[PDB]
There are 8 protein chains.
Amino acid sequence: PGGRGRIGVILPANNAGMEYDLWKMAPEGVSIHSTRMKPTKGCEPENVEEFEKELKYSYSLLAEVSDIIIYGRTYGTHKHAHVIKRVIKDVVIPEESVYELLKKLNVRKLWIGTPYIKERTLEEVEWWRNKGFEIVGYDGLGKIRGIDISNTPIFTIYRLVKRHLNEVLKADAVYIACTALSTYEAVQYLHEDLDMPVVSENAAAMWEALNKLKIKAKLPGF
Amino acid sequence: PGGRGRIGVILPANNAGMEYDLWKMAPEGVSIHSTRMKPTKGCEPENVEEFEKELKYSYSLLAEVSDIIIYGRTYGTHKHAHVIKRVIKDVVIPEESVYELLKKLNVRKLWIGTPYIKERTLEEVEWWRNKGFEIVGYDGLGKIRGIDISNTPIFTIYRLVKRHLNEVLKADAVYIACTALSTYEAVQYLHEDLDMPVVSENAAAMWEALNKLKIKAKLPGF
Amino acid sequence: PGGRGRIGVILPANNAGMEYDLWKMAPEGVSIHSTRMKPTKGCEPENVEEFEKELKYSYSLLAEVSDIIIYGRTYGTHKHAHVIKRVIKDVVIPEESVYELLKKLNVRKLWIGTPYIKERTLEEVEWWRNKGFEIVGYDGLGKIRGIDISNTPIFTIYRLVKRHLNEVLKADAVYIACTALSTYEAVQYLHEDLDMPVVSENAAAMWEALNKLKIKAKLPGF
Amino acid sequence: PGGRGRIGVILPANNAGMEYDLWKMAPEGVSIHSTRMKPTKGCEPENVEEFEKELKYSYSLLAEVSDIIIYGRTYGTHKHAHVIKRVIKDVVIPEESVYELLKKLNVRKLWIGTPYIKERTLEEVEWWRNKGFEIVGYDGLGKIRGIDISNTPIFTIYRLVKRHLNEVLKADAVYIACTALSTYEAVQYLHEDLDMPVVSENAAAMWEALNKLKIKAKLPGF
Amino acid sequence: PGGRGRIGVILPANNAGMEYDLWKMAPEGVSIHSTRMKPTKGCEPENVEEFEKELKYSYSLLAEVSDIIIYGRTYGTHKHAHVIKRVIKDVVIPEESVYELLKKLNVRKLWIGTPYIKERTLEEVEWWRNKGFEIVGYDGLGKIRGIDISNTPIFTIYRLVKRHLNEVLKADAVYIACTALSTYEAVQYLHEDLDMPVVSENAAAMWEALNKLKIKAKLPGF
Amino acid sequence: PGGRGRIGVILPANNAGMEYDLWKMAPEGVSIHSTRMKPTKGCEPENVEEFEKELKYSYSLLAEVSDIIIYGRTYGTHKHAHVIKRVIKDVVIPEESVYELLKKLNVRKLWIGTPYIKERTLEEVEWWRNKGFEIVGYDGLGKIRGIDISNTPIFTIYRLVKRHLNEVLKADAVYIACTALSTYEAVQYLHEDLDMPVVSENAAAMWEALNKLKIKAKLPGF
Amino acid sequence: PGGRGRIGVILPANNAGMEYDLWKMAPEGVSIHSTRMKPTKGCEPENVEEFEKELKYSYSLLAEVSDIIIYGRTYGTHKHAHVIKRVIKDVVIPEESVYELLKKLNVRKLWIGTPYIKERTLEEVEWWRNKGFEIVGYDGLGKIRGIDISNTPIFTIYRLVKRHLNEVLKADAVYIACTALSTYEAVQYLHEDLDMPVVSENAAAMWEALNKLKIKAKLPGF
Amino acid sequence: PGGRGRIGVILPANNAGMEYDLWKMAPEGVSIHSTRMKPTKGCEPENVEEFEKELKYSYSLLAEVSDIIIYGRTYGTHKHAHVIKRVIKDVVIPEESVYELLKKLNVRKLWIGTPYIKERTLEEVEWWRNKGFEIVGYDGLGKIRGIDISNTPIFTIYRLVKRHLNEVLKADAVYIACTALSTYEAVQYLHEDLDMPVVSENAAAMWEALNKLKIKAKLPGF
């Protein structure tokens, strides 16, 4: 029973990494409660009313046990963030959390690691690039299926970044995209070794949620 | 990542105690993945096809990330267990787990603790009698709302039983119903103090799941 | 054998939280010794000589084993503090300890949490405002019986405050009234989460006592 | 809160050792609550109605917070135990606890250590002898004032016994009288070194109390 | 210094897992010393004199710092074990260690896990079958390059076996071939979960070496 | 599996101290991989092509499992360092690491400890003086055989320096030559006691290697 | 075997507290070696040649195993310190160590605690008083026999000082005389509670010895 | 303070290993007090009255602080043990302790390790044979000076025995002579590895002393 706080999380059916990260980061007295959503074809809502209806439903399943809710998907966050914010009051959108965290950390140069194939990696890059960050470098694991992404080993994530040391060192911080990756440990190793903030999407999400709820906690990587 | 094993769990929207218990019991390398279901009026589905359709849907959201699935509700387990077993192959029904565990523990005399009101506590008590157990005593917390049940403090659960020490010491074991109660700690204290197995629905569920997956683990209470 | 120090405490018959708090806060080599007083109707003595006679008696039971004595009641502290100070030389009055502690902490804005019901909580609010504090907010558990108050769970005390986050954040510190509440843990969680001193009556009492005796110690919440 | 159990204790004003022992022995979730009684001239009440009236009063101060009560005095236990049992239902009389414990331990030969002077040590001796125990030896610290007795150092109590190794090794167990002595540690050292049960009055009292309440616990010298 | 013992190990150039396993298993005061050998085409030497000459050379590099030597390759062990034993007195051949260990464990039914491709896994199979073991099942990771094999994650090795729970549970023990795999952890998880000895080639090698040197030690899966 | 990093090391056949030091200093996720070289007569190669050919061969045995390589010999480092750097790109030469470390530590006055005999210790002294250091003092263990050197006890190395306290205190740092000495512990004791950096050849080597790979770590002695 | 250092100590036959203190303070790798001297009538040598002859003899028994020697007596230190320094080169005289330590701590006001009776306590006071310290207060345990002094309990030493809190607080530091008292613990409690250096003769002696030998160590009380 | 017990020890001037061993073995509350004796030429006193006079003197220096005394020399124990027993009542002679311990351990076959040269090792070996033991083997460190003996490293003592594994494994136990050797650790390693009691002279001495005083303790090696 989360007497200190209860965090609800809506995530994709095949995401097997976020729940683990969230619990590992949850301070004493805090509990995580999740519900899943149908896996989707694209990365954005085809039918907005359809999306909003399903979103409201999942939200209704978490509304009473949650003190705050995290939208743990990337789907619909780029072009329909307003729909999500509309349905879920005070919702935490990991991608936006990353932005605030990086800003609060005075980050201008960024190195981006992802689990995606080149194409998506680049889009991810341009997204952040189009938000004012200078992207000194990037790379991806070249995966497609979420379950496969979730299965990524700690050090595979670690070497994904370390392999580009020379350029990684030119950044003010590193960002590891996708909530399907369990970055709880990887991010700590990277942070210690690179001596710079290493921000994962899951850690950023917890950072924002814990701040809004006002619960002291030492997140990993920064 | 749940390299050692991944346990999926389907639970009622307002259950805030089972996810906590499950993670506390999860041995290293094991992760818990859940999805919620619409809260229902009765304790048994009035539209079977409706139930089966919703059940199949939730199952489809956990099917890929799960190595095994736990049906963490009481709803539909008394009269429609066959429907659940049909939709979810190898599904773990906590109530049935309790039965197997008690049997394996050679339990004949039983004391039953619940979070329900007198009328429902009576049904619960009669149910286990009609299963071959001599019920030396019982009591309930007299609650109705699941969130309220989930909020039950460790020692409130502890005194729920201890208050009837004289009856209790006549049983071969104690059983604490409902997966909404977080019994991880309470059950350990009771087990040590009463010197007899104290079986909670959540512990029984993990016991069965961990056995089927073949993962060593020390559950609490027994 | 409190070779380092012995603290005597006079408390109401039905107070079950203060002794626990005091021992948990007692540093190594320090021991707590208590004696109880007849539970009373009002919150102030109608017969002063009666009060003084009973007060002197209880004091006589603690005088020889105590290095210092804490008057752990609220009864008679508002209008007859002088009587208490008269009978018990160097007595520690928790309510006055809170005042000195808050002052030493440069506190001007205060949020007050209590276990009482509307009326009495309103009197407590007024009592602190007249002492020179701006009371940005308050709330109570609405209890009457001391044993009931003592039974209050850690997180029930925690949420009593957290539920009013918006206002609490406007204060310089939080104060939790009544020595019947066991605040040893609750106060630590609140202090960490709110990032401001959270002063409970029991912690304030120990603070003053330990200072007078000159025994190093880390009290909780500030 | 003492969700696991609350033990009330009535003790003499100048006893500074039993509260410490009781708390050290208290398992998690158990709390100790005490109240004192006027120090008396003799070792037995001269006015029975007077005694019974004061006894009932102190009891009334502990009745509501206690699950069980320990009468931590020797006063009135030899000739008026029935009065005490009458006023306090299920009361635990340390001296009687020692007897049951020694019997349960199949003890026939006993060595007795006390904090009293020769005269009283002698009375303590034939009192236990009169219960059928063969008393292979004894000795006392020769103290009179309770506060002085309470101040007795761990190893002073240890050497009080060890100094008579010769005869002491002829007993089946050692018994250390008076609840004013803090025997929590001393008794452990003696038990390990002499390889036989070393029963102190405080440990015996907790043993009986914890048994009646049914709370698992590992007591000091046996 | 390895005052307790020094174990020398000859291994293939690209083996990155055995040195790690050996050190983790090395008890206090024991140190591991290694030297590498040219990577070879086949799995058996084509030129025996060539092999023997290179073998003697590597041995000469470890002879002075070693108390015993482990031949950590599979190359030349199937058809030329006698050559190895000839050059290196008391040499420990991991494959032969596995055999002795399994025999000492009274193993008749065996499940075999390997990192090789179907073809080679099949050869590894009937080789052990040819030693009288009934092989209830097997599987391989289908890898070729040693460095790739060494990179195998703990749980990848764990699931390599667990995925065949069904048949695996019919064996008396599990055997994981190749010293390039770091099985220190994987083997412990499997052993606990399957409740049967899980023997890795590296653990078997250390078992034999530590026995000959007579150094107490608790090895991984048995 | 050095998921964090893999350090290869080429060392003399009879060196039994460096591998131990390296592993003790290796942070989590880092592994050490070594290969030996034929013990040589002189301290410099008489046949350069011979040396280069053997050097290239050993390197080829470590090239694939290593992220970086340490040349753990003194042989050929004084007059043929360029040959080594040529064959092994980014190779770490412990002697040169010591120089950079001492420089980074702003060291001008140096005390030198060695395991060699008068003559050779004299050559080492001259070698460091020509590098720009004032050598306030020195001493050696007077050993010749590497295995003998490796067998040197922690405190023998400690007293080798401490015995000259008066001079040592005049230096800015102490340097202990030869990678055959296991200095992991000795260097820590010396550093604490002398309150100045105590640099061993092995620690310096790890310092440089870990820096190039960018892996956080706390080496001993400085 | 004190590889890090060996401290010899000459002490009075009946001193049972210094050896314990010295070992408790001895850092790892340091050992204490002692030899006793005939107990004497006065506090100063009657026959100087006699003293010097016996002193030289005891010294000869410690000369070879010691790196430095501590003269753990007060006898002959006030008027014949020069004789001691003459016989034992670099000898550590605890009383002189206290002086240097207090000076290095910029101490002007001092509170003195001793185990002696009034007369000696006063002489001790005048001694320090005649060395430039302002003695804000003092007290003694009033003991005569060294064995009795050695038997002094931790908290008896603690209260010896604490009992004079008001004046103790006026000092810059507290000094506890006599090496027969085991002050290892007492001094730590006092130091923490009084928030000022609390210097015992034994701690001062170790401070000086460890400094001369150059061995890092955290002495208690300052 | 040695509230639990005080052990006095008389040892040779240059013995630097026994005091360390004794303290490491001393259980909590036990302290060691020593005094030294003039180093002697032979291994047996040539002037008995001279010996007895010096023996009585040293004894007089330890008589008051000791609960029991250990004669930590070999000198005079072979032919004049009766003189020692005469002067020191209940004295513990390590050599005799070894005998009783070995006997109590039902030891018939013995392997003997010593720090002496061949000739003295022969006497030592013959001595124990003429005591009823079959001596399956032996060896010595070949040292003469006690300080040199004391300086013997843990593993040097360990290999002294291990080097003769084949002979050793034929014995029922191993015995390591001389109290100058610090065997506290060495003996534990040997005991674990050889799986048989490994008795050092110092451990045997403590065993006997602790038994006579009746203090529970876990010695090493057996």
# chains A, B, ... in the order shown; residues from 1 in each chain; ligands from 1
>>> residues_around(residues="residue 204 (chain D)", least_positions_apart="5", cutoff="8 Å", atoms="only C-alpha atoms", output="PDB file with N, CA and C atoms, in the first residue's frame")
ATOM      1  N   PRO D  94       6.646 -11.735  37.919  1.00  0.00           N
ATOM      2  CA  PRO D  94       7.996 -12.215  37.608  1.00  0.00           C
ATOM      3  C   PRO D  94       8.516 -13.373  38.445  1.00  0.00           C
ATOM      4  N   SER D  97       6.990 -16.433  37.364  1.00  0.00           N
ATOM      5  CA  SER D  97       7.437 -16.738  36.009  1.00  0.00           C
ATOM      6  C   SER D  97       8.746 -17.519  36.095  1.00  0.00           C
ATOM      7  N   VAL D  98       9.610 -17.082  36.999  1.00  0.00           N
ATOM      8  CA  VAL D  98      10.888 -17.733  37.206  1.00  0.00           C
ATOM      9  C   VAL D  98      10.647 -19.183  37.574  1.00  0.00           C
ATOM     10  N   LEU D 101       9.436 -21.192  34.570  1.00  0.00           N
ATOM     11  CA  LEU D 101      10.521 -21.333  33.611  1.00  0.00           C
ATOM     12  C   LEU D 101      11.534 -22.372  34.083  1.00  0.00           C
ATOM     13  N   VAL D 199      18.757 -17.558  34.425  1.00  0.00           N
ATOM     14  CA  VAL D 199      17.475 -16.865  34.457  1.00  0.00           C
ATOM     15  C   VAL D 199      17.389 -15.629  35.345  1.00  0.00           C
TER      16      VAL D 199
END
>>> closest_atom_pairs(of="chain G", to="chain C", cutoff="9 Å", atoms="only C-alpha atoms", output="tab-separated table")
residue	atom	partner	partner_atom	distance
G:154	CA	C:3	CA	8.5
G:155	CA	C:3	CA	5.2
G:156	CA	C:3	CA	7.5
G:158	CA	C:4	CA	7.3
G:159	CA	C:3	CA	7.4
G:162	CA	C:214	CA	8.6
G:165	CA	C:214	CA	8.0
G:189	CA	C:4	CA	8.2
G:190	CA	C:215	CA	8.7
G:192	CA	C:216	CA	5.9
G:193	CA	C:216	CA	4.6
G:194	CA	C:214	CA	6.6
G:195	CA	C:216	CA	8.2
>>> residues_around(residues="residue 17 (chain E)", least_positions_apart="4", cutoff="6 Å", atoms="only C-alpha atoms", output="list in words")
residues 150, 180, 181 and 182 of chain E; 1 of chain F
>>> residues_around(residues="residue 25 (chain G)", least_positions_apart="6", cutoff="9 Å", atoms="only C-alpha atoms", output="ChimeraX atom specification")
/G:184,203,206,217-220
>>> write_last_selection(atoms="C-alpha atoms", output="compact mmCIF listing (two decimals), in the first residue's frame")
# COMPACT_ATOMS: atom_id res chain seq x y z
CA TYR G 184 38.57 4.22 24.88
CA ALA G 203 44.71 8.39 23.80
CA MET G 206 48.90 6.69 21.21
CA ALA G 217 44.86 6.48 12.83
CA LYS G 218 41.71 8.00 14.22
CA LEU G 219 42.16 8.29 17.97
CA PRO G 220 39.02 8.67 20.15
>>> residues_around(residues="residue 8 (chain C)", least_positions_apart="2", cutoff="6 Å", atoms="only C-alpha atoms", output="PyMOL selection string")
chain C and resi 32-34+66+69
>>> write_last_selection(atoms="N, CA, C and O atoms", output="PDB file, in the first residue's frame")
ATOM      1  N   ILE C  32      14.488   5.789  29.229  1.00  0.00           N
ATOM      2  CA  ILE C  32      13.265   6.532  29.499  1.00  0.00           C
ATOM      3  C   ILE C  32      12.480   5.875  30.633  1.00  0.00           C
ATOM      4  O   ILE C  32      12.291   4.658  30.650  1.00  0.00           O
ATOM      5  N   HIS C  33      12.018   6.685  31.580  1.00  0.00           N
ATOM      6  CA  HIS C  33      11.262   6.171  32.720  1.00  0.00           C
ATOM      7  C   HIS C  33       9.977   6.961  32.859  1.00  0.00           C
ATOM      8  O   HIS C  33      10.009   8.184  33.005  1.00  0.00           O
ATOM      9  N   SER C  34       8.846   6.267  32.820  1.00  0.00           N
ATOM     10  CA  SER C  34       7.571   6.958  32.899  1.00  0.00           C
ATOM     11  C   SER C  34       6.629   6.549  34.022  1.00  0.00           C
ATOM     12  O   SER C  34       6.798   5.515  34.670  1.00  0.00           O
ATOM     13  N   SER C  66      15.237  10.084  37.563  1.00  0.00           N
ATOM     14  CA  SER C  66      15.360  11.034  36.460  1.00  0.00           C
ATOM     15  C   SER C  66      16.457  12.085  36.560  1.00  0.00           C
ATOM     16  O   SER C  66      16.760  12.595  37.634  1.00  0.00           O
ATOM     17  N   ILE C  69      12.905  15.763  33.657  1.00  0.00           N
ATOM     18  CA  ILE C  69      11.558  15.239  33.476  1.00  0.00           C
ATOM     19  C   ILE C  69      10.774  15.966  32.403  1.00  0.00           C
ATOM     20  O   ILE C  69      10.850  17.181  32.279  1.00  0.00           O
TER      21      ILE C  69
END
